[PDB]
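This is entry.cif. It holds mmCIF, C-alpha atoms.
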```cif
data_entry
#
loop_
_atom_site.group_PDB
_atom_site.id
_atom_site.type_symbol
_atom_site.label_atom_id
_atom_site.label_comp_id
_atom_site.auth_asym_id
_atom_site.auth_seq_id
_atom_site.Cartn_x
_atom_site.Cartn_y
_atom_site.Cartn_z
ATOM 1 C CA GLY A 1 8.901 -0.729 26.543
ATOM 2 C CA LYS A 2 9.785 0.292 23.002
ATOM 3 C CA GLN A 3 12.249 -2.597 22.614
ATOM 4 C CA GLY A 4 9.585 -5.109 23.639
ATOM 5 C CA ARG A 5 7.146 -3.597 21.164
ATOM 6 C CA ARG A 6 9.733 -3.857 18.376
ATOM 7 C CA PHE A 7 10.091 -7.551 19.159
ATOM 8 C CA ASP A 8 6.292 -7.929 19.290
ATOM 9 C CA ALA A 9 6.139 -6.454 15.793
ATOM 10 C CA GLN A 10 8.871 -8.829 14.644
ATOM 11 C CA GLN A 11 6.934 -11.795 16.016
ATOM 12 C CA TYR A 12 3.862 -10.678 14.089
ATOM 13 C CA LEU A 13 5.811 -10.299 10.847
ATOM 14 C CA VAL A 14 7.042 -13.856 11.378
ATOM 15 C CA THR A 15 3.639 -15.472 11.937
ATOM 16 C CA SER A 16 2.423 -13.436 8.955
ATOM 17 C CA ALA A 17 5.232 -14.812 6.783
ATOM 18 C CA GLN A 18 4.351 -18.323 7.969
ATOM 19 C CA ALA A 19 0.760 -17.869 6.838
ATOM 20 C CA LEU A 20 1.983 -16.611 3.454
ATOM 21 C CA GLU A 21 4.057 -19.795 3.002
ATOM 22 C CA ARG A 22 0.970 -21.927 3.656
ATOM 23 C CA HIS A 23 -0.815 -20.052 0.890
ATOM 24 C CA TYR A 24 2.241 -20.417 -1.343
ATOM 25 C CA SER A 25 2.385 -24.157 -0.672
ATOM 26 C CA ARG A 26 -1.217 -24.703 -1.812
ATOM 27 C CA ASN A 27 -1.217 -22.312 -4.768
ATOM 28 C CA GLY A 28 2.370 -21.978 -5.994
ATOM 29 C CA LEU A 29 2.151 -18.194 -5.657
ATOM 30 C CA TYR A 30 1.796 -15.581 -2.920
ATOM 31 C CA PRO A 31 -1.637 -13.940 -2.480
ATOM 32 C CA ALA A 32 -2.741 -10.590 -3.885
ATOM 33 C CA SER A 33 -3.353 -9.310 -0.342
ATOM 34 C CA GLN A 34 -3.112 -10.151 3.358
ATOM 35 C CA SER A 35 -5.176 -8.695 6.196
ATOM 36 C CA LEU A 36 -2.908 -7.272 8.889
ATOM 37 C CA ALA A 37 -3.747 -5.636 12.210
ATOM 38 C CA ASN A 38 -2.152 -2.303 13.092
ATOM 39 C CA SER A 39 -1.344 -1.100 16.603
ATOM 40 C CA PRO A 40 -0.770 2.340 18.099
ATOM 41 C CA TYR A 41 2.955 1.652 17.615
ATOM 42 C CA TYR A 42 3.312 -0.001 14.200
ATOM 43 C CA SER A 43 1.575 0.030 10.842
ATOM 44 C CA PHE A 44 1.908 -3.266 8.979
ATOM 45 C CA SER A 45 1.874 -3.786 5.215
ATOM 46 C CA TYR A 46 2.113 -6.671 2.752
ATOM 47 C CA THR A 47 3.469 -6.009 -0.750
ATOM 48 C CA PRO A 48 3.628 -8.927 -3.172
ATOM 49 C CA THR A 49 5.799 -8.740 -6.244
ATOM 50 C CA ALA A 50 4.038 -8.272 -9.564
ATOM 51 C CA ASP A 51 4.690 -11.923 -10.484
ATOM 52 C CA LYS A 52 3.613 -13.071 -6.992
ATOM 53 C CA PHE A 53 6.800 -15.124 -6.463
ATOM 54 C CA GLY A 54 8.063 -12.697 -3.804
ATOM 55 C CA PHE A 55 6.828 -10.304 -1.124
ATOM 56 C CA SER A 56 7.793 -7.712 1.447
ATOM 57 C CA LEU A 57 6.213 -7.480 4.888
ATOM 58 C CA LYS A 58 6.892 -4.227 6.723
ATOM 59 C CA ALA A 59 6.310 -2.793 10.162
ATOM 60 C CA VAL A 60 6.528 0.999 10.153
ATOM 61 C CA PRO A 61 6.775 2.639 13.564
ATOM 62 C CA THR A 62 4.394 5.468 14.414
ATOM 63 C CA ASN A 63 5.611 8.672 16.061
ATOM 64 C CA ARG A 64 4.555 7.014 19.337
ATOM 65 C CA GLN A 65 7.256 4.356 18.879
ATOM 66 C CA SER A 66 10.649 6.050 19.103
ATOM 67 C CA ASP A 67 12.744 3.009 18.308
ATOM 68 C CA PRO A 68 16.200 3.214 16.660
ATOM 69 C CA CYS A 69 15.568 0.267 14.300
ATOM 70 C CA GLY A 70 12.903 2.256 12.479
ATOM 71 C CA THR A 71 11.018 0.342 9.822
ATOM 72 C CA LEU A 72 11.325 -3.428 10.036
ATOM 73 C CA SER A 73 10.919 -5.678 7.028
ATOM 74 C CA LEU A 74 10.871 -9.371 6.216
ATOM 75 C CA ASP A 75 10.765 -10.859 2.693
ATOM 76 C CA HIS A 76 9.982 -14.197 1.049
ATOM 77 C CA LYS A 77 13.604 -15.317 1.467
ATOM 78 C CA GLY A 78 13.595 -14.676 5.209
ATOM 79 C CA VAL A 79 15.784 -11.587 4.882
ATOM 80 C CA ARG A 80 15.296 -9.300 7.857
ATOM 81 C CA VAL A 81 15.955 -5.556 7.814
ATOM 82 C CA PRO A 82 17.776 -3.817 9.460
ATOM 83 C CA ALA A 83 20.261 -6.638 8.818
ATOM 84 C CA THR A 84 22.200 -6.057 12.043
ATOM 85 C CA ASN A 85 21.558 -4.794 15.596
ATOM 86 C CA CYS A 86 17.743 -5.088 15.472
ATOM 87 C CA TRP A 87 16.145 -8.485 14.903
ATOM 88 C CA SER A 88 15.802 -11.200 17.553
ATOM 89 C CA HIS A 89 13.236 -13.353 15.734
#
```
Now that the file is in, can you turn its structure into structure tokens?
Amino acid sequence: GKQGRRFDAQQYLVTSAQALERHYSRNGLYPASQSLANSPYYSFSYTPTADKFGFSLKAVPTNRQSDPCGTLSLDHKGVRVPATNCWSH
């Protein structure tokens, strides 16, 4: 259901963040881009900071995904948004 799909999206943000840290560990910086796979339920994006020392990963629900947590995000510090009531990963 929609809750399961939210958690699926969260899991994908996490493995995406893990890949970004592997890049960071080799290069000392985050990459200019990251290929992400969208679904009928979420659109995923990667936004590095201008200095490439930070990033924001987001999962934006489509109209087909009527979930009360809305857009989910995860940054380079592990901060998960919404901060409460939403994340289980």
* To do: Could you tell me which residues the PyMOL selection byres ((chain A and resi 56-58) around 10) returns for this structure, as a PyMOL selection string?
  => chain A and resi 9-10+13-14+16-17+34+36+42-49+54-55+59-61+71-81
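Evaluated against the shown file, the PyMOL selection byres ((chain A and resi 2) around 12) gives residues 1, 3, 4, 5, 6, 7, 8, 9, 40, 41, 42, 61, 62, 63, 64, 65, 66, 67, 68, 69 and 70 of chain A.
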Take the residues just selected and output them with C-alpha atoms as an mmCIF file, in the frame of the given file.
```cif
data_model
loop_
_atom_site.group_PDB
_atom_site.id
_atom_site.type_symbol
_atom_site.label_atom_id
_atom_site.label_comp_id
_atom_site.auth_asym_id
_atom_site.auth_seq_id
_atom_site.Cartn_x
_atom_site.Cartn_y
_atom_site.Cartn_z
ATOM 1 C CA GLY A 1 8.901 -0.729 26.543
ATOM 2 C CA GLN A 3 12.249 -2.597 22.614
ATOM 3 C CA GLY A 4 9.585 -5.109 23.639
ATOM 4 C CA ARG A 5 7.146 -3.597 21.164
ATOM 5 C CA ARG A 6 9.733 -3.857 18.376
ATOM 6 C CA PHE A 7 10.091 -7.551 19.159
ATOM 7 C CA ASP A 8 6.292 -7.929 19.290
ATOM 8 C CA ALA A 9 6.139 -6.454 15.793
ATOM 9 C CA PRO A 40 -0.770 2.340 18.099
ATOM 10 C CA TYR A 41 2.955 1.652 17.615
ATOM 11 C CA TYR A 42 3.312 -0.001 14.200
ATOM 12 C CA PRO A 61 6.775 2.639 13.564
ATOM 13 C CA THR A 62 4.394 5.468 14.414
ATOM 14 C CA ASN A 63 5.611 8.672 16.061
ATOM 15 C CA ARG A 64 4.555 7.014 19.337
ATOM 16 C CA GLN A 65 7.256 4.356 18.879
ATOM 17 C CA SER A 66 10.649 6.050 19.103
ATOM 18 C CA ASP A 67 12.744 3.009 18.308
ATOM 19 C CA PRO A 68 16.200 3.214 16.660
ATOM 20 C CA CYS A 69 15.568 0.267 14.300
ATOM 21 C CA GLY A 70 12.903 2.256 12.479
#
```
* 8 Å contact set for residue 20 (chain A), all atoms listed in the file, chain neighbours under 4 positions out, as JSON, numbers by chain -> {"A": [16, 24, 30, 31]}
* What does the distance from CA of residue 21 (chain A) to CA of residue 37 (chain A) come to in Å, to one decimal? ->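 Separating CA of residue 21 (chain A) from CA of residue 37 (chain A) is a distance of 18.6 Å.
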* Give me, please, the distance in Å between CA of residue 18 (chain A) and CA of residue 89 (chain A), quoted to one decimal. =>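 One can read the CA of residue 18 (chain A) to CA of residue 89 (chain A) distance as 12.8 Å.
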